[PDB]
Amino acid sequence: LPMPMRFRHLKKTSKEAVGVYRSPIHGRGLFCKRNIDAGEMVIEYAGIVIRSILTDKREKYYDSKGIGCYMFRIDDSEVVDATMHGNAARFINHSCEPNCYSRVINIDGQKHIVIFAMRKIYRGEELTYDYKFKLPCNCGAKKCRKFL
């Protein structure tokens, strides 16, 4: 189906497809509640598209209030701040053998970060994507890069 058609009514279907639980990779993670077909649009990384130059001061503010800072870097100029207006996608952990990938899509003039299933994902599995950004990696994959 064309990309703009696939983006419509994710809020309703993502509440039934995924859930947030403790993760053995790190803290909390996103897990699937039912089998997700390969190529399927899982969830949007919801939040506010902000200027990248403002992330340093925004993260400093959040850290000073004891509020966890959830951000997804679009490019050198833009970042999605999911701290206040986010959804369950903000808990997606990194893996060197991910079952998901991130993409910046443009729907009716507006930018959205969406998560796609790279293979069929089975009930109970944690959803992961490759983070592009040393920090030690705990994905546990055979072909682990050992750092994020």
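Throughout, we count residues from 1 along the sequence that is shown.
Compared with other deposited structures of the same protein, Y131 does not meet the criterion of being unmodelled in at least one third, since all of those that resolve residues on both sides include it.
Deposited sequence between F133 and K134: 4 to 9 residues lack coordinates.
Stretches 20-28 and 6-14 differ in mean C-alpha B factor, with the higher average recorded for 6-14.
As the entry records it, the average C-alpha temperature factor is higher for 38-46, out of 85-93 and 38-46. Highest C-alpha temperature factor among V79, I53, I113, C100, as the PDB entry reports it: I53.
Ranked within its chain, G68 lands in the lowest third, by CA B factor from the PDB record.
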